[PDB]
Amino acid sequence: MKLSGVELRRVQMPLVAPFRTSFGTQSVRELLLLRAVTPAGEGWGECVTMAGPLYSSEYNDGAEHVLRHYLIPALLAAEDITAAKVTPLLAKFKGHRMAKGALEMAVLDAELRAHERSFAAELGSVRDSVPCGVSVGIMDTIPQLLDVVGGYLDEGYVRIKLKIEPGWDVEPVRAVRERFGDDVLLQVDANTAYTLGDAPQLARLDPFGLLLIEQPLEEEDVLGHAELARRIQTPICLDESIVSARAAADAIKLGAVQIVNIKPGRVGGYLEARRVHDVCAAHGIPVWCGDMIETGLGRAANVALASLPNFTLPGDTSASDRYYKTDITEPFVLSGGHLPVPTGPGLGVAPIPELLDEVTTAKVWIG
Amino acid sequence: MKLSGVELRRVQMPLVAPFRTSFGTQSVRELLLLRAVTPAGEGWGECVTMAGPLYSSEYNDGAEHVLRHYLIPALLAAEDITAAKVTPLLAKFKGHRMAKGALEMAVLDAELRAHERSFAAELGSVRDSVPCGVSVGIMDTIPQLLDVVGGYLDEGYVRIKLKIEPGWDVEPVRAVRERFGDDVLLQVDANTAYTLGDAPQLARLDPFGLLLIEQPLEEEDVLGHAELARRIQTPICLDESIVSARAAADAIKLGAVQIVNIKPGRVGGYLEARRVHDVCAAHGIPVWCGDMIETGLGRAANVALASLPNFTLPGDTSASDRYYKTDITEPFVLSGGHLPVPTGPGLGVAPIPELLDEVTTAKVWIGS
Amino acid sequence: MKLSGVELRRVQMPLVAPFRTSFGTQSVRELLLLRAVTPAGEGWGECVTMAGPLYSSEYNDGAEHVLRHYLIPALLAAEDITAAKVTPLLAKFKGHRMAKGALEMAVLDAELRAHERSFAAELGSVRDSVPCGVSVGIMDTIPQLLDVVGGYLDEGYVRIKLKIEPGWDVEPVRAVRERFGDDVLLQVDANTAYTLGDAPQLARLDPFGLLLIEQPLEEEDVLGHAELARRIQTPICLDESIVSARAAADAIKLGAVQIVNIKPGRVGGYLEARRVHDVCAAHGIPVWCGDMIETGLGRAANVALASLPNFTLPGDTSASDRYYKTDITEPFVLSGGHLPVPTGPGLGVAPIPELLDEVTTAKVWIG
Amino acid sequence: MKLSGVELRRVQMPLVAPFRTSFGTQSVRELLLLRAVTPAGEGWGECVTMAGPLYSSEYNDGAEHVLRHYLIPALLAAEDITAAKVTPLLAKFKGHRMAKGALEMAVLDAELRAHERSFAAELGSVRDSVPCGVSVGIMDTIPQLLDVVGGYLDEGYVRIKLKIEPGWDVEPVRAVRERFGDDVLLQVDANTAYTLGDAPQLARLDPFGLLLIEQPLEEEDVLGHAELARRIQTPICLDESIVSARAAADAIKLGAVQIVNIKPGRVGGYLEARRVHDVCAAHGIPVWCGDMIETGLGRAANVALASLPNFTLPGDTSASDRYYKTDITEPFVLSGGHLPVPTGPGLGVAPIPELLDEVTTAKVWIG
Ligand SMILES: CC(=O)N[C@@H](Cc1ccccc1)C(=O)O
Ligand SMILES: CC(=O)N[C@@H](Cc1ccccc1)C(=O)O
Ligand SMILES: CC(=O)N[C@@H](Cc1ccccc1)C(=O)O
Ligand SMILES: CC(=O)N[C@@H](Cc1ccccc1)C(=O)O
Ligand SMILES: [Mg+2]
Ligand SMILES: [Mg+2]
Ligand SMILES: [Mg+2]
Ligand SMILES: [Mg+2]
């Protein structure tokens, strides 16, 4: 394809309830969307950056700037483009994985629409729907946490993940176990909030049968996680540290991880995400699909990815209404604890123009 | 896509010159081809078995049988099929990777034709052509070997691989180095002909600067290779042992391998092959494309596979005329030491009906 | 000490000769300078970013944005600032190490000036001058390389470093050895241009007695370097991979590095740089001081840093005129192959206001 | 700074209550103090030796002799002097770390006073007060132990350390746990009193949830401690073995230690101590500040050191009145379980001349 241009938009979508993590509290989701335009048709991408660099070094204004001044111009200057060629065309730019992933996603959506092929088919889907868990934030009190968890369990979510941080770990876990029992699939996520010195506190999670503890230590501390896995019984899962398939392989060989959370944007796109999946499967490491509170666009791509064979644990791809009263696409609706994999060409969904215009704060054409 | 049926044919194609390996001499290539038929269109697969179980346990009649009685029926019984779903549909059947790979190849060719998409685009090609080496058989004498190698070097092949076995290793290598010099890319391939007890003989290859030695020990002896790598300077490459992406990861972690030969049929198909490629790349292990003397059909798929980013050494996908006077497809022709990656839908090539009929020995229809 | 504000300036300084590396060619140095203002006085910092993200993910506009919107406001909101506290005050922001380092540098310069204390004394200097090498770019031809190298050797530089890349490695090295002999201190630097599959080409450097090969593989590939070190005789040095003292310790323990290049901006500042020095010294790993074509400001801080006890190989801190016809501070002048360690308070140099104004392209006050 | 001379004094300070360890009972603290005199002003150091070589090979008369005949003359012969240059000026003398450390401390106090800079600022303090534990000696009976511990807990000490030895380990620990409960921070210290053959006895401490067991085996037996860590659940802490940052790195790599007690005199001074802190932090090893029953002078320097970022467990820097009815400086007073980090120049404290004269037993001038 020849890329004619890309429209970049900033969108703001209010959340149904505030979402608190060890790095802070979010009440509105601000994001960047991309519309890649080729002579044949268009494709949509979604950046998973947030407003500030609190989860990783990338953030919305930074992703916008790098897309406008470096990444989109490199793609416009090439003759033929394909999604696979996006990686070597952008390889001279270090990092900026989320931005590159978004751009790749838009290119891939346009390419696959031209071949009348779904994301699911391109990625190697083996099932038509996927079981979905839910990620539950840090709360002000224990009774408020139990109400929220009970609510998600009644809606049919198959697994519960709790955000944890120092001063909110063992108690919320103990309380969820006391109230809802030992058969609920339960896990925790620290988003880098601990150090190796906290190993005795994290070992106090041992009796509760957690599936995993996700990213207890900082992003760059892979050996620290391997040392941590020698001191605790709960399996380690990595999120932030898994920036590439090579990073996954390294972490696996060092003993730092037993389960991997795959987030396509974090690894530089859906094509790298499939490679992470395949590296993990080859080492016997189960994977599950992460969530960055995406719109229906990212959600649809994630649901497709999550239908791959080594996604053997429930992902964080919850229904649209877990986060948004009104999505910009046709919404994802939970049915028997599952979401259906989209069947149309490309992502299988597209923004509803009037809904997208209501939440658009800015736009620019790069061409 | 519903599979309506598959035609299986047996083909016999005379080779331009006999091809001798440590497991014997071949003057005719006998193979199984598969034509998958769907309501929308057809796709071709090619099985890389030989007549008897000399390279691996699988062989032509065996592959034919398992395809007819187990693998094709399991696909005919499914409602919608995709090339990815072939693996879980056939997982209850142990082994038979080359047979499964052929079937997957045919399904993939048909699927991708329906989307007007090339094998290269599906697999993640980043280049439009690939540099090609050649594999050179065991000869009766040294002067005959040097003639053949000189000939391939004049045709523009960028790398030479020599078949070796006890009684034909160090001397042919020394002679090729003496006659053509130290700048030729050179490697050797034993096809499992040594044991760990031969480590001193294989260490005598050390001074010749070989890129690699391919599969010195038996298929199942991964630890033996890692022990061998501690006793010799030439990098170990595995072929027969690499049956899967998991096998590649295991061998890598054990220190048994530094470069991997990928053959899609040997690993159960092009989709597993891409996974092998990706596993290897994630560990810093270069890969190159192996060759099983395929027709233009397999050759086309191989050339597309060889255009992926971690194929950083020249493969064995030589021109059609290295093996066959006349191929059953449009032939691959060497140009500046390279072959072009096919651009059409699916494989980008298809059999020429009159040429295919001339070499068909037997045919059978399975399904409706 | 409270921070009153920070002035940020963009500067453009023409190079005396273009400088080519595996990631491209530079003829003008564009940089960000910081003037921190406190009630105790002013201090100067220098960011080592370039215009685009080619050496690392950080670049001038991105560093500027993050300093203005996140980092400088976090320091302005603090009740007490001391250079040591800058790190925990900015720890909530992920990455942006060069930006953080620049800000820390300016804070430190102001703080040390108030105490009439030099950078050298603060960092733990044990000597009054340091031996200096020179970094030599990729050239169009071999005879041009040998002319440049001969010229640096006549000026009295004690060590030669050659930029290398595929197609310019073994030949330039062989030629320098053939022309100038085996007693010249010689090393190479790839800036991440090779892969592990290139181990045979890099092993062809073995006979030439190189001090080291610097950063042959990509930034995130630590295990790859440890494998590389088992296949080649030339000691491995890391630059880009060494992002922190913790990264250094990890790389050392994994066998990935024998010598460490310390660049203070790359690790998030002079205080982390001293920690990298001390971690390396504790493991018996020599260090040397890297260079990012800094003005006299950065150069002065680097020369002080390079006077620490475990800096036992010559650094890349060349004389000012190796890069700039006219520096913005008093220039560093080579004498007997050495540069003198500055003796005044803080950095021991400051910009000459008229020279700085001539090269300033933009200025903003953040208060 | 040229050193004009040093006054060395011997001091004897009665303890409020005798303090029994596995190596014997102390009722009076005998120590060496140093007053370094430069043309600008003076600085105080404190040697942590005891009267005889029971804790380590160094003792008061030996430290005094080496200071007088080797160490102080080497510094007086040097034209240019800084605290950082003390190490290479004394490096030709093997060992005598506590003596070297005391001399470095005095030099540093004078240097920093001339720059109007606190120990805290020089070392890299990130907080203004530190939480303080207490070390409790071996008693004749269990009820006497429980009385003493209950008394320290009522005063607000945040952690209890028990001295242990064969015949006084499991029982005192069990009793403290039965009386005061599982939430008290509790650890033990053997001062080298066990052998690897006592692993079964030390494993009987496993059920009591101790933070650590400090130096169970002899000083030089690093591999023995790593073996011991495989046989017991209580984390191993080293004191006597950690004689340098390099020693710490070695012990960490061998698996011999999980937490490190830092004592500045033991490692050859406050500047080495900061290196130990930084080496440990880079390996994920928490540190805590040890106590050698110093006067207010050492105590002030320790409190500053204990305010560094990786001091994440409570130290043994108890209030002055834990040991001494009357200190020679302004006393450290516990407030809410914390001591305040001094804010003046240098140590931030100096001896009260009349109090110092009351406890001085001998004085000499070296000049
Ligand atoms: C669903 C969820 O927990 N997402 C992120 C955290 C996150 C929080 C806020 C905004 C985006 C992502 C995680 O898995 O770490
Ligand atoms: C081209 C070549 O040497 N191919 C096989 C040998 C072979 C020939 C024919 C049939 C099967 C295998 C190998 O690499 O082992
Ligand atoms: C002096 C030198 O070689 N500097 C950098 C490269 C560099 C060039 C230009 C600007 C910044 C960095 C290095 O050591 O990687
Ligand atoms: C406070 C304490 O227990 N100090 C020493 C013991 C000691 C007692 C008397 C004099 C010096 C050291 C230790 O931690 O080993
Ligand atoms: Mg997470
Ligand atoms: Mg082979
Ligand atoms: Mg460099
Ligand atoms: Mg002790």
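Residues numbered from 1 in each chain as written, not as in the entry; some residues may be left out. Chains lettered and ligands numbered in written order. Part of a larger assembly, values for the part shown. Heavy atoms only, no water. Residues with missing side-chain atoms left out of burial classes, pairs and counts.

## Some remarks on the UniProt feature "binding site: 2-succinylbenzoate" in chain A
Residue and element names in this part refer to chain A.
Part 1: Cross-referencing UniProt, the feature "binding site: 2-succinylbenzoate" maps to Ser135, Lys161, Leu162, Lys163, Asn191 and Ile293 in the present numbering.
Part 2: Its place among the elements puts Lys163 in strand β6 (residues 159-163).
Part 3: With residues up to four places along the chain from it excluded, the contact list for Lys163 reads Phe19, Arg20, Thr21, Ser135, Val136, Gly137, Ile138, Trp168, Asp189 and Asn191.
Part 4: On the secondary structure map, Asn191 appears in the loop between β7 (185-189) and α7 (199-203).
Part 5: Other than its neighbours up to four places away in sequence, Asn191 contacts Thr21, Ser22, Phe23, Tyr55, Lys163, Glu214, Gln215 and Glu240. (UniProt positions renumbered as here; feature names shortened; annotations may be inferred. Helix = DSSP H or I, 4+ residues; strand = E, 2+ residues; numbered from the N terminus. Contact = heavy atoms within 4.5 Å.)

## A closer look at the sheet that holds strand β8 (residues 213-214) of chain C
Residue and element names in this part refer to chain C.
Part 1: Pairing within the open sheet is parallel, and its seven strands lie in the order β5-β6-β7-β8-β9-β10-β11. Edge strands, defined here as strands with exactly one partner in the open sheet, are β5 (134-136) and β11 (287-289).
Part 2: In the sheet, strand β6 (residues 159-163) pairs with strand β7 (residues 185-189) via five bridges, with the strands oriented parallel. Bridge assignment links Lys163 to a residue of β7, and that residue is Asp189. (Pairing = 2+ DSSP bridges.)

## Describing the domain arrangement of chain B
Residues and elements named next belong to chain B.
Part 1: Taken domain by domain, chain B holds domain 1 (1-115 + 353-368) and domain 2 (116-352).
Part 2: Here the C-alpha centroids of domain 1 and domain 2 sit 22 Å apart.
Part 3: Taken together, the contact between domain 1 and domain 2 spans 35 residues of the former and 51 residues of the latter.
Part 4: Those elements that provide at least two residues to the side of domain 1 that touches domain 2 are β1 (5-21), β2 (24-37), β3 (42-46), α2 (83-90), α3 (97-114) and α12 (353-359).
Part 5: Here the residues of the side of domain 1 that touches domain 2 are counted per class, giving 22 nonpolar, four polar and nine charged. (Domains from an automatic or database assignment. Nonpolar A, V, L, I, M, F, W, Y, C, P; charged D, E, K, R; others polar.)

## Side note on the arrangement of the chains
Part 1: In this assembly, five pairs of chains are in contact, and the pair with the greatest number of contacts comprises chains A and C.
Part 2: Chain B makes no contact with chain D; the smallest distance between any of their C-alpha atoms is 23 Å.

## A short note on the pairing of strand β6 (residues 160-163) of chain D
Residue and element names in this part refer to chain D.
Part 1: With burial as the criterion, each face of β6 is covered, one bearing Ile160 and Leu162 and the other bearing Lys161 and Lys163.
Part 2: Inspection of the sheet shows strand β5 (residues 134-136) paired to β6 by three bridges, in the parallel sense. Note that in β6 the partner of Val134 across the bridge is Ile160.
Part 3: Once the chain exits β5 it traverses helix α5 (residues 142-155) before rejoining the sheet at β6, and the crossover so formed is right-handed. (Buried < 20%, exposed > 50% of the residue type's maximum accessible area, 1.4 Å probe, protein only. Right-handed = clockwise from strand over helix to strand, strands pointing away.)

## A closer look at the nonpolar core
Proteins that are soluble and globular tend to have nonpolar side chains buried together.
Part 1: Counting residues in each nonpolar core, the largest one holds 128 residues, and the members touching the most others are A:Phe119 and A:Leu162.
Part 2: Counting residues per element, this core draws most heavily on helix α3 (residues 97-114) of chain A, which supplies nine residues. (Core = buried A, V, L, I, M, F, W, Y, C linked by side-chain atoms within 4.5 Å.)

## Side note on the packing of helix α1 (residues 60-76) of chain B against α2(B)
Residue and element names in this part refer to chain B.
Part 1: The geometry of α1 relative to α2 is characterised by a closest axis approach of 10 Å and an angle of 120° between their N-to-C directions. If you check the angle between α1 and α2, you find them oblique. For the pair α1 and α2, the crossing hand works out as right-handed. Of α2, the residues touching α1 (which contributes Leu71, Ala74 and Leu75) are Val86, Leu89 and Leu90.
Part 2: Among the residues forming the contact of α1 with α2, the class breakdown is six nonpolar, no polar and no charged. (Axes fitted to C-alpha atoms, helices over the stretch in contact; angles between N-to-C directions. Parallel < 35°, antiparallel > 145°, perpendicular 65-115°, else oblique. Left-handed = near helix turned anticlockwise from the far one by under 90°.)

## Some thoughts on the site of ligand 3
All names here are of chain C.
Part 1: Around ligand 3 there are 16 residues in total, and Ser135, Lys163, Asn191, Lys263 and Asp291 lie nearest to it.
Part 2: The side chain of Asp239 places a nitrogen or oxygen atom 3.4 Å from an oxygen atom of ligand 3.
Part 3: Contact between ligand 3 and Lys263: an oxygen atom at 3.2 Å from a side-chain N or O atom of the residue.
Part 4: The protein chains hide 100% of the 390 Å² of surface that ligand 3 would expose on its own.
Part 5: Two domains each provide a minimum of three residues to the shell around ligand 3, namely domain 1 (1-115 + 353-367) and domain 2 (116-352). (Near = heavy atom within 4 Å. Polar contact = N/O pair within 3.5 Å; in protein donor to acceptor, adjacent residues only side chain to side chain. Areas by Shrake-Rupley, 256 points an atom, 1.4 Å probe, with all protein chains shown as cover.)

## Brief notes about the UniProt feature "active site" in chain B
Residue and element names in this part refer to chain B.
Part 1: In the numbering used here, UniProt assigns the "active site" feature to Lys163 and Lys263.
Part 2: At 2.6 Å, the side chain of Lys163 forms a polar contact with the side chain of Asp189.
Part 3: Position of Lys263 relative to the elements: it lies in the loop between β10 (259-262) and α10 (270-282).
Part 4: Not counting chain neighbours up to four residues away, the residues in contact with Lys263 comprise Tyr55, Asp239, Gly290, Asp291 and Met292.

## Digging into the domain arrangement of chain A
Residues and elements named next belong to chain A.
Part 1: Taken domain by domain, chain A holds domain 1 (1-115 + 353-367) and domain 2 (116-352).
Part 2: Between the C-alpha centres of domain 1 and domain 2 the distance comes to 22 Å.
Part 3: Across the domain 1/domain 2 interface, buried area totals approximately 3800 Å², and carbon plus sulfur atoms make up 65% of it.
Part 4: For the pair domain 1 and domain 2, the interface holds two salt bridges.
Part 5: Taking the shortest distance from any N to any O, the salt bridge between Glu165 and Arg20 comes out at 3.0 Å.
Part 6: Taken together, the connections running from domain 1 to domain 2 amount to 24 residue pairs in polar contact.
Part 7: Mapped by element, the contributors of at least two residues to the side of domain 1 that touches domain 2 are β1 (5-21), β2 (24-38), β3 (41-46), α2 (83-90), α3 and α12 (353-359).
Part 8: Ranked by the residues each element gives to the side of domain 1 that touches domain 2, the list is headed by α3, at eleven residues.
Part 9: Across the side of domain 1 that touches domain 2, the residue classes tally to 22 nonpolar, four polar and nine charged. (Buried area = accessible area lost by both parts, 1.4 Å probe. Salt bridge = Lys/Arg side-chain N within 4 Å of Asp/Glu carboxyl O.)

## Here's the deal with the coordination of the magnesium ion (ligand 7)
All names here are of chain C.
Part 1: The coordination sphere of the magnesium ion (ligand 7), as far as protein atoms go, consists of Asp189 (OD), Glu214 (OE) and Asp239 (OD), spread over 2.3 to 2.5 Å.
Part 2: Counting residues between consecutive donors of the magnesium ion (ligand 7) along the chain gives the motif D-x24-E-x24-D. Of the two residues, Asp189 is situated in strand β7 and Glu214 in strand β8; the sequence distance between them amounts to 25 residues. We note that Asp189, like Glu214, is buried. (Donors = N, O, S within 2.8 Å, 3.2 Å for Na, K, Ca; no water.)

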